[PDB]
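> so I pulled this structure from the PDB, and the sequence comes with it:
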Amino acid sequence: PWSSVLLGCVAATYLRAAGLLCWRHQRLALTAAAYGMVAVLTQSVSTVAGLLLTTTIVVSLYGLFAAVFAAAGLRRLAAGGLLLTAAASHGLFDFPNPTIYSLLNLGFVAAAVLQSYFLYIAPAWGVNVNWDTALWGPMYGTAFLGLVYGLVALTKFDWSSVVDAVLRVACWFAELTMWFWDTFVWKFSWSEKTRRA
Amino acid sequence: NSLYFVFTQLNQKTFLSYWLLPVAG
Amino acid sequence: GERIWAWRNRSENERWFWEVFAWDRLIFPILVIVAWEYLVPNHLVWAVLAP
Amino acid sequence: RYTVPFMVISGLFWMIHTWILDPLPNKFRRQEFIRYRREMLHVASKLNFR
Amino acid sequence: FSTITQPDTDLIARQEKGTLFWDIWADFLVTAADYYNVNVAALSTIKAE
């Protein structure tokens, strides 16, 4: 779509918009109101999914602050949708009954797939991405984090599986190191202290 | 928790850790 | 002998620190870790996993 | 280069005093051992059954 | 001193084979006890061995 690949990303953010008395829902509603005002005017950390969400918030905040604060208007619309992405990730930051955020998660992952289609096939379809770094970067970044969210969320994952994988890799390298030592450097029957003297 | 932030001796099992000192010196 | 007896009753901690702790559990692990990291190449296996 | 020759000597002699001379496999090895006659012949001189 | 005053090849080899014979395959006392033992005179040439 050339310069309307940005309109495709805008449609992705509109899909992100598709997805009570506590302060968190008030914060989400305030962020959505800020998205509405910006769009009409410009024209916790202890889980891996939380890491991706925080990252998304940070990146997309820098994105809005690098494009909107700093078919030409699609370059501002696709960056205005980054605040909707940040609102969705701050909603999922407390993922609070999970059934409230389940549909938000489904819309988030579906439009992350749509952005990871549009922006990924954008260079091969004619348009160029390398031109504007501070504009073009954060949408690719949030699409990446969105996809790895649909991988770290869909399968439970958590820090437990990360620690288990790190321990398995270190354990296999440990047995390789012990075999290498006992076979080439010094036999463990020579290195250790023979008891029963 | 109930232990101190101190090392453990490596010469309780092998003397091989003593090979690093002259080689590095 | 009286002064040695008095000083041996006074100290009772520094003697264990200097006879048990100071080399084997304070200085020698530091020396072998620093020596290994100074010796082995800048490799993930040799710098982390093998030590 | 300094440590492998000791392993080479040890393996070279291990082939002649353990691999060929005296093996020792695990698992079911009843029918191969006449040792058990002597082993049960000294059971009252071994530790009280428990 | 601790390294030189350690068991040699003969003592180490007599520590694993000795364990294997009088310590690992001497668990047949429970087998022969559930089937039949007399012990004591199971030495010499009782012919029940």
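In hand now; what should we look at? Numbers count the residues shown, from 1 in each chain, chains lettered A, B, ... in the order given.
> my guess is residue A:79 meets residue A:65, correct?
No - in this structure residue A:79 lies outside contact range of residue A:65 using Cβ atoms under 8 Å: 9.5 Å. For every residue, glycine as well, the C-beta is placed using N, CA and C.
> neighbour count for those two, which is higher?
residue A:79 (29 against 14; other Cβ atoms under 10 Å in any protein chain shown).
> what's the distance between the residue in chain D positioned nearest to chain C and chain E?
With Cβ to the nearest Cβ, the shortest gap between chain D and chain C falls at residue D:2, namely 14.2 Å. Going from residue D:2 to chain E by Cβ to the nearest Cβ, to the nearest Å gives 19 Å.
> and residue C:18, by the same measure?
From residue C:18 over to chain E (counting by Cβ to the nearest Cβ), the distance is 21 Å.
> would you mind listing the buried residues in the top helix by length along chain C?
Looking across chain C with DSSP state H, the single longest helix is helix C:28-39. Across helix C:28-39, burial judged by 16 or more other Cβ atoms under 10 Å in any protein chain shown covers C:28, C:29, C:31, C:32, C:35, C:36.
> okay, now residue A:13: neighbour count?
26.
> show residues contacting the strand or helix carrying it.
Using DSSP states H and E, residue A:13 falls within helix A:5-16. Outside helix A:5-16, the residues within contact range by Cβ atoms under 8 Å, 6 or more residues apart in numbering or on different chains are A:1, A:71, A:74-75, A:77-78, A:80-82, A:84-85, A:88, A:107-108, A:110-112, A:114-115, A:118-119, A:122, A:125, A:127, A:139.
> these two touch, right, residue A:135 and residue A:77?
No - counting by Cβ under 8 Å, residue A:135 does not reach residue A:77; the two are 11.7 Å apart.
> quick one, helices of the chain?
The chain I'm using is chain A. Using DSSP H, helices in chain A cover A:5-16, A:23-42, A:48-67, A:74-92, A:98-121, A:133-152, A:158-180, A:188-191.
> could you do chain E instead?
Using DSSP H, the helices found in chain E span residues E:9-19, E:28-35.
> closest one to chain A among the ones you listed?
The nearest among the helices of chain E, by Cβ to the nearest Cβ, is helix E:9-19 at 5.7 Å.
> if you look at that closest one, does any of it touch chain A?
Yes - using Cβ under 8 Å from any Cβ of the partner chain, helix E:9-19 reaches chain A at E:11, E:12, E:15.
> which residue comes closest to the second one once chain neighbours are left out?
When you say that, I think you mean residue E:12. residue A:194 (6.1 Å; Cβ to Cβ, 6 or more residues apart in numbering or on different chains).
> circling back: distance between the helix holding residue A:13 and the chain's centre?
17 Å (Cα atoms, centre = their mean, to the nearest Å).
> list the buried residues in that helix.
Those would be A:5, A:6, A:8, A:9, A:10, A:11, A:12, A:13, A:15, A:16, for helix A:5-16 by 16+ other Cβ under 10 Å.
> closest to chain E out of the residues you listed?
residue A:16 (67.7 Å).
> next one: the residue nearest the centre of chain A from residue A:160, what distance?
Centroid-nearest residue in chain A, with Cα atoms, centre = their mean: residue A:145, separated by 2.0 Å. Look at residue A:145 and residue A:160: by Cβ to Cβ, to the nearest Å, they are 21 Å apart.
> the longest helix of chain C and chain D in contact?
No - judged by Cβ under 8 Å from any Cβ, helix C:28-39 stays clear of chain D, getting no closer than 14.2 Å.
> contact partners of that helix?
B:7, B:8, B:9, B:10, B:11, B:17, B:20, B:21, B:23, B:24, C:47, C:51.
> which SS state does the residue of chain D closest to chain C fall under?
Assigned by DSSP: H, G, I helix; E, B strand; the rest coil, the conformation of residue D:2 is coil.
> how about the residues of chain A by chain B?
A:186, A:191, A:192, A:193.
> show me what contacts residue A:64?
Per Cβ under 8 Å, 6+ apart, neighbours of residue A:64: A:38, A:79, A:80, A:82, A:83, A:86.
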